[PDB]
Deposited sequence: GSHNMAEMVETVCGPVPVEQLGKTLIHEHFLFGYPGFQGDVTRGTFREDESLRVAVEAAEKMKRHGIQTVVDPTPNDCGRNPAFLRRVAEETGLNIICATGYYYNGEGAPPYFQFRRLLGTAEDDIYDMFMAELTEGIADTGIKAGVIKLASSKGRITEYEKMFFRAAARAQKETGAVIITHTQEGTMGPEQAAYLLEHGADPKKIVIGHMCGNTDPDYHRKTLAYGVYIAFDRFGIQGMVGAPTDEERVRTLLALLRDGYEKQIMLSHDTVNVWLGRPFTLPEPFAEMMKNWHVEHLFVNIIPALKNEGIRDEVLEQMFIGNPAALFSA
């Protein structure tokens, strides 16, 4: 009935139009060490975050899942500022991006238990002293592999999901390990109706998707607008793939997002001009002003789109 947001418990029936995967802040692990040239501008960042939020609100978005990992600059108090300003629901995550802190604890023998303990504290007690609980557990695997280290988190996550009924959301690397992630989680008693396999758009083969869908998990095409980088496919290939699945009747299992980074942590940078032009549509409005349109031209009805944007998040969190 309720999900934890950065503003406390919210009835699931009120989440409405939802983006399943967007980052207000994000930094790659290691950004912390580059503090001197990469200082966090809090009032400017807040401004950008608020803008991004209003943009979503313009297209009816009432709720956003921000799955920024604990080691990637997750900042629940800052996200609470955004929500307090805009009235946007924001659900944050507990999890790590895809050693040696946990490598050390593996030596101690307590690593998997420590991770489970972290997930439980952050799901049921609160993150640091923010009084904010995460609503999702965030997981990530490597290219072509779910490593022993990663499986620790997958096992801790499954155990925490049993206890809390929390949602698991995952990162797949370069369109691999979708079926493996779903199978491994189910092995350990996770509930498929509470799992989103992420970055599934990274793979263009519909068989791979169906293989994953057969587990009864949600899949996310959540990188709309990312092109020419991280071995990613084109938006055209995304739509093609998404079209095969929808025509095949899979709409109760699919959600869409952009995986935007609205504020980058660490040292500012500028993408080179080959990369730069390709990434031009990577922003929180893209789904609504480009993708959803082309989908309609391909005959996707509104009941379906609503299933993805409203029905599916509502099923997922309830």
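### Message
Give me the ranges of the deposited sequence that have no CA atoms here, in sequence order.
### Response
Deposited residues absent from the model fall in 1 to 6, 105 to 109, 330.
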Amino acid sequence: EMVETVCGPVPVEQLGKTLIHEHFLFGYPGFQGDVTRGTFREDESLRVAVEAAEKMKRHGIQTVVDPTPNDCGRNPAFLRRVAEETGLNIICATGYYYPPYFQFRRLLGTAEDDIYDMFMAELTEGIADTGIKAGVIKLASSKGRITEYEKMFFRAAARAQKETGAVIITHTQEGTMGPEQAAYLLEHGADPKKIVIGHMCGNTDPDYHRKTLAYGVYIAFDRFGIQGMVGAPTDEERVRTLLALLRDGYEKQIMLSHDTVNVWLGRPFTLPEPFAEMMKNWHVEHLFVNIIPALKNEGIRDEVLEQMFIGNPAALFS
From here on, numbers count along this sequence of modelled residues.
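### Task
Between 259 to 267 and 278 to 286, name whichever shows the higher mean Cα B factor according to the PDB entry.
Of 278 to 286 and 259 to 267, the stretch with the higher C-alpha B-factor average is 278 to 286.
### Query
Which has higher Cα B-factors on average according to the PDB entry: 162 to 170 or 99 to 107?
According to the entry, 99 to 107 carries the higher average C-alpha B-factor.
### Query
What's the residue among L25, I300, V10, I20 with the greatest CA temperature factor in the PDB record?
Max CA B-factor in the entry, restricted to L25, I300, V10, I20: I300.
### Query
Checking the entry, which one of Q227, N75, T130, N89 has the top C-alpha B factor?
The record points to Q227.
### Message
Which third, lowest, middle or highest, does the C-alpha temperature factor of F40 belong to within its own chain?
### Response
Its C-alpha B-factor belongs to the middle third of this chain's values.
### Task
Determine, from the deposited record, the chain-internal third of the Cα B-factor for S142: lowest, middle or highest.
It belongs to the middle third of the chain when residues are ordered by C-alpha B-factor.
### Query
Once the chain's modelled residues are ordered by C-alpha B factor and cut into thirds, is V65 in the lowest, middle or highest one?
Within its chain, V65 is a lowest-third residue by C-alpha B-factor, going by the deposited values.
### Query
Compared with the other modelled residues in the chain, in which third is the CA B-factor of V6?
Lowest third.
### Task
Would you mind ranking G189 by its C-alpha B-factor against the rest of the chain and naming the third, lowest, middle or highest?
For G189, the deposited C-alpha B-factor lands in the highest third.
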